[PDB]
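**Q** Here you go, one structure.
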Amino acid sequence: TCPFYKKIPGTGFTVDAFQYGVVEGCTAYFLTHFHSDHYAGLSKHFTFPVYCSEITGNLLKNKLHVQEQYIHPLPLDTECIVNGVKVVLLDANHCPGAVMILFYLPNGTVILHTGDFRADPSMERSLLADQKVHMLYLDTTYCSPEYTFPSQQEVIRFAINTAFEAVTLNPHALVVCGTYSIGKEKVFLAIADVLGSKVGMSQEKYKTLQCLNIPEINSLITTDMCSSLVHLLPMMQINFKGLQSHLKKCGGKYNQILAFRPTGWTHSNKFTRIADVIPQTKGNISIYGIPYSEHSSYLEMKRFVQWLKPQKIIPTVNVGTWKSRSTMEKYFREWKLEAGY
Ligand code: NI
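Counting in the authors' numbering, the sequence shown runs from 700 upward without gaps.
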């Protein structure tokens, strides 16, 4: 049944709750972003109001064929009324179109639902600065101190410098980047920019990108693989067998592959700096795992929460085991005692 952490008290609202059938007493279904674990259940057959960003609403219409009359896009950073309740959508610094939602309850309670987010000090100057938030529904993906990772900017610098050096040393090398969802577009776009290439991809993935309101996108991507030396493939194909296979398909235009897998966290983070990352190599194929995250590190999460000073935290991630739930609750209490709220 729908878990309590997807329901907003004092309203008829749910968040990211599309896979439970008709949720009893739900008048409006919010969707924070277009990732499958969150939209699971939506289709052209859905006939309740979906509230979301503009970009999310483009993907719902074009990719899932949801009917236009049930898509209610809202502008960001704008006080809006939904079924008699004031709400605001804020940028979540996750994937394109991802939002956090502020709910102003009739009784005076203020609730923030982060959806999925990568906390940033820039959030401390949004409309969140303007009033007190009583309850926080928190993306706790990486809520443990072992989870460190570099800035997105440091990771993109490493990727651009590695790609540029490789292709300048061997003008017959092909670059390949993995993907399985929207998000992390900077990785393949930054690499294509330094190389003076468009990124080549499947018609399905091209259609997905054309929904994202990214400026000048027609100048950066293409479905003509032959004209491109940065290719995007399913993340599943980013292995020596899949890459050898792909190389055959390019008809001797290329004699080497340099591939990137933009992972979340992986344990070499606990030891190794970005400067010191090395690839796995077999013959003329090299694969780099790069820690490009669109979720908060432990320290980023901690800073946001100690800034906001909520009265109550409701985790939305890692809630399935008692050991995770108890570990998370211990961190929340530490943060509260350290900061004095
Ligand atoms: Ni997500």
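Note that CB positions come from ideal geometry on N, CA and C, so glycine has one too.
(1) If you check the beta carbons only, do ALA727 and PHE712 fall under 8 Å apart?
(2) Quick one: using the 10 Å Cβ neighbour count with 16 as the cut-off for buried, is residue 1047 buried or exposed?
(3) Listed by chain order, which residues have C-beta atoms less than 6 Å from any heavy atom of the ligand NI?
(4) Could you have a look at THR847 and say whether DSSP puts it in helix, strand or coil?
(5) What does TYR750 pair with, by DSSP beta-bridge criteria?
(6) Tell me which residues share the same chain as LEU908 and place their Cβ nearer than 7 Å to its Cβ, disregarding the 5 neighbours each side in the sequence.
(7) Excluding the five sequence neighbours on either side, which residues of its own chain have a C-beta within less than 7 Å of the C-beta of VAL1016, listed in chain order?
(8) Return the chain-ordered list of same chain residues with a C-beta closer than 6 Å to the C-beta of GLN955, the five sequence neighbours on each side being excluded.
(9) Return the chain-ordered list of same chain residues with a C-beta closer than 7 Å to the C-beta of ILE973, the five sequence neighbours on each side being excluded.
(10) Can we say the segment 995–1004 touches the segment 816–829, given the rule of at least three CB pairs closer than 8 Å?
(11) Does the distance from the C-beta atom of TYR769 to that of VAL749 stay below 8 Å?
(12) Compare the Cα-Cα distances from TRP1006 to each of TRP1034, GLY720, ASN757, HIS994 and report the closest residue.
(13) Return the first residue and the last residue of the beta strand (DSSP E) that residue 1053 is part of.
(14) Quick check on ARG960: does DSSP put it in helix, strand or coil?
(15) If you draw a straight line from the alpha carbon of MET900 to that of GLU1037, how long is it in whole angstroms?
(16) If I follow the unbroken alpha helix (DSSP H) through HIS945, where does it start and stop?
(17) Going straight from the alpha carbon of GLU1028 to that of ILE707, what length do you get?
(18) Note the first and the last residue of the continuous alpha helix (DSSP H) segment covering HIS737.
(19) Kindly indicate which three-state DSSP category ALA974 falls into: helix, strand or coil?
(20) Who are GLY877's beta bridge partners in DSSP?
(21) Where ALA828 and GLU778 are concerned, what is the direct C-alpha to C-alpha distance, given to the nearest angstrom?
(22) On the three-pair Cβ rule with 8 Å, is the segment 787–801 touching the segment 933–949?
(23) Pop quiz: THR808 and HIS771 are said to be a contact at Cβ under 8 Å. What is the actual Cβ separation, rounded to whole angstroms?
(24) If you count every other CB in all the chains shown that lies within 10 Å of the CB of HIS945, and 16 or more means buried, which is it?
(25) For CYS925, which three-state DSSP category applies?
**A** A quick look at the data gives this:
(1) yes
(2) Outside the modelled stretch of the chain, which goes from 700 to 1040, sits residue 1047, for which no answer is possible.
(3) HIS732, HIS734, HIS793, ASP815
(4) coil
(5) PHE729, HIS771
(6) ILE916, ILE920
(7) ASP838, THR839, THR840
(8) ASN869, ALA872, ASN983
(9) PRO849, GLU853, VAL854, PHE857
(10) yes
(11) yes
(12) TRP1034
(13) Residue 1053 lies beyond the stretch modelled for the chain, which goes from 700 to 1040, so this question has no answer here.
(14) strand
(15) 49 Å
(16) 939–948
(17) 21 Å
(18) 735–738
(19) helix
(20) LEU932
(21) 15 Å
(22) no
(23) Contact doesn't hold; Cβ gap of about 23 Å is too wide.
(24) buried
(25) helix
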